[PDB]
Structures are given as C-alpha cells and as structure tokens.
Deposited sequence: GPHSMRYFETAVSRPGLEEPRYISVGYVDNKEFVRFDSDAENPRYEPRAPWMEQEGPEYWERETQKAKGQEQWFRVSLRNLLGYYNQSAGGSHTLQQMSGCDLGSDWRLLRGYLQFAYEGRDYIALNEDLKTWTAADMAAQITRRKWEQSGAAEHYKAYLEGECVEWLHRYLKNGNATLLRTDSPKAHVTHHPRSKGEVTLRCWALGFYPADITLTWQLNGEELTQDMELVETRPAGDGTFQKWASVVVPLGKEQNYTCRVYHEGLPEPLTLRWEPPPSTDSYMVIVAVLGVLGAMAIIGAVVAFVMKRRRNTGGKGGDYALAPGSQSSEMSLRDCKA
C-alpha cells in the first residue's frame, strides 16, 4: 500500500523571557509512533506505539539529539521571523514543519515532503522535484534566497530519499492491520412528514472511510450530511452520514460503507 512517514514539528514562543516550546510528532501511516516535547521533565523522544518498544536506548538518544538540534534551529528561525514580519515582542508565534516520504509496495520513494508554516500559514515548501522552493510570502523570499545560495535542498533531498525511506521500511517490518466498521442505521423524526436516516460506522481503523446513501440505485452526494471522521479514543474511528427522507419511503434508501478492512462494502438500510 501507499505507506508514509511524517514528522510534524511545532515551536511556539510565549511571552516573558521563556524559551520556545518545541514538539515533534512522528507518524507512520498516520499513526503517531514517537513524540518529543520540550515541556516534559526530561525532554526526550518517547514511543507512542508499542511496536517501538523494541528499539534500544541508542535510537532514543540519537533521535533526542536531533530534537535538541531542531529546537535550536526553530528557536533562531522564530526570532528571525519576528524581524522579517516587523512584529513586536511579548506576542505568541508558531513555526511548524512537516517532513516525510511516501513509499510504494516496491519500497521505492514516491514523493518527499518538506513544508514550513508561520502562524499557521504556508511560508515555504520544497517542491516535488526536491530541488526548488515555493515561497508563499514576501518574507519567505528572503528565506528562499538563503536556501538557494546554500544548497539546502540537497540536504533535505538526501534525507527524504535516504534516511526517511530506509527507516520507514524498518519501522514497518517492526510493526497491514485493520478493524472493520460495524455499521447500523438509526431513524430520527423531523416534522413536515420527514425523517432522518443516519448511517453510522464505528470501531474502524484506519480512519479512511467512505459512506454513501443511495435512493434506489442513484447516489445522494448532494442532500447528504456528514461529520468529520472522529476518534473513539481507543485507537479506532467513527463516522456517520445522514439523509432526510419522506416518511414511509425509508426502504428506498440504502447506506454503503467502504473501508479497506472489509471483504465487500457494507450495504444496509433502516431495519424496524
């Protein structure tokens, strides 16, 4: 499958002479697997999945060392950004980074990512070629000039093509596994001879899922209400979709649930 790794990094400055808070979270196939947080008592990378509990302390120590590197890089960056944007002291600001790689089932790099944001907005980002930068901003042009002069891209490309790929591969051997949705449809009054039908999917992992409603064959993309997929809190996810239908016409409507843990898409209707 289209395996991925990401590192999501955040530094947040706060008023009153405090150092910036730095948090890095590592993800493999969208599951959080490591985390470092400067606010902790002993700042170090920690395992956040049990399949990481098999790495020796040299892994944690290496990664923790990189984190102290990033903290500092982020801290100086944050200060520069203040100046680039002509901003006052005693405010609160965020610098975020996303990094990582996409892999094929042949273990071959598909896409590499490296993107920064300031205050939650694109600042600069390495393009797909892994050679050139797209600056969002006036400020970011100055950063782009620095990184073109310096060859920074080469550094990030080598990381994305080498280390990122090799380590994603290792982390996966270390770990495929899914939980299928349990689906049901609930019935809810409205007035004016109308009824809400709500198709629920629960207990599913991974979080990617598609719910459709059919009126006797035809898909109701338009009249359908969704909610954003949400965590149940136990590792699994939840989603529902609903349509308003005429009273008595309920059996004409069919819910379909598509999920990669399923041998067939589920198909279901309101059952009184």
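Non-modelled portions of the deposited polymer sequence, in sequence order: Model skips 176-179, 277-338 of the deposited chain.
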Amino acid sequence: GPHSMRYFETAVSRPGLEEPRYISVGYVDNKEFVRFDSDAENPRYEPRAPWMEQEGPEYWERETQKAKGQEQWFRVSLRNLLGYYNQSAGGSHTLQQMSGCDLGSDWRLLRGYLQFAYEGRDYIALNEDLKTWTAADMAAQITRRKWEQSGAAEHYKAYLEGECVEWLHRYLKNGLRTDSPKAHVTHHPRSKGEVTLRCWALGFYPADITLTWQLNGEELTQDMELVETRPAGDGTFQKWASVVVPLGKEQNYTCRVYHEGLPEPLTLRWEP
From here on, numbers count along this sequence of modelled residues.
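In this text, rigid core is short for the largest set of C-alphas that superpose within 1.5 Å between two forms.
Stretch 166-174 versus stretch 123-131: after rigid core alignment, which one is farther off in C-alpha RMS in 4 other deposited structures of this protein? Of the two stretches, the larger average C-alpha offset in 4 other deposited structures of this protein falls on 166-174.
Please tell me which region, 52-60 or 65-73, has C-alphas lying farther from the displayed form on average in 4 other deposited structures of this protein, with superposition done on the core. Larger mean C-alpha displacement, comparing 52-60 and 65-73 in 4 other deposited structures of this protein, is found in 52-60.
Please compare 76-84 with 179-187 and name the stretch with the higher mean C-alpha B-factor in the deposited structure. Here the higher of the two C-alpha B-factor means belongs to 179-187.
255-263 versus 20-28 - greater average Cα B-factor per the deposited record: Taking the mean C-alpha B-factor of 20-28 and of 255-263, the larger value falls to 255-263.
Between 90, 151, 162, 112, let me know which has the highest C-alpha B-factor in the entry? Top of the list by C-alpha B-factor: 90.
Can you pull the Cα B-factors for 46, 63, 37, 41 from the entry and say which is highest? That would be 41, according to the entry.
Residue 155 CA temperature factor, ranked by third within the chain: It belongs to the lowest third of the chain when residues are ordered by C-alpha B-factor.
Ranked C-alpha temperature factor of residue 122 among modelled chain residues, by third: CA B-factor rank for residue 122: lowest third.
How does the C-alpha B factor of residue 95 compare with the rest of the chain: lowest, middle or highest third? Tercile = lowest for this residue's CA B-factor.
Where does the C-alpha B-factor of residue 174 rank in its chain, lowest, middle or highest third? It belongs to the highest third of the chain when residues are ordered by C-alpha B-factor.
Using the B-factors in the PDB entry, rank residue 205's C-alpha atom against the chain and give the third, lowest, middle or highest. Middle third by C-alpha B-factor.
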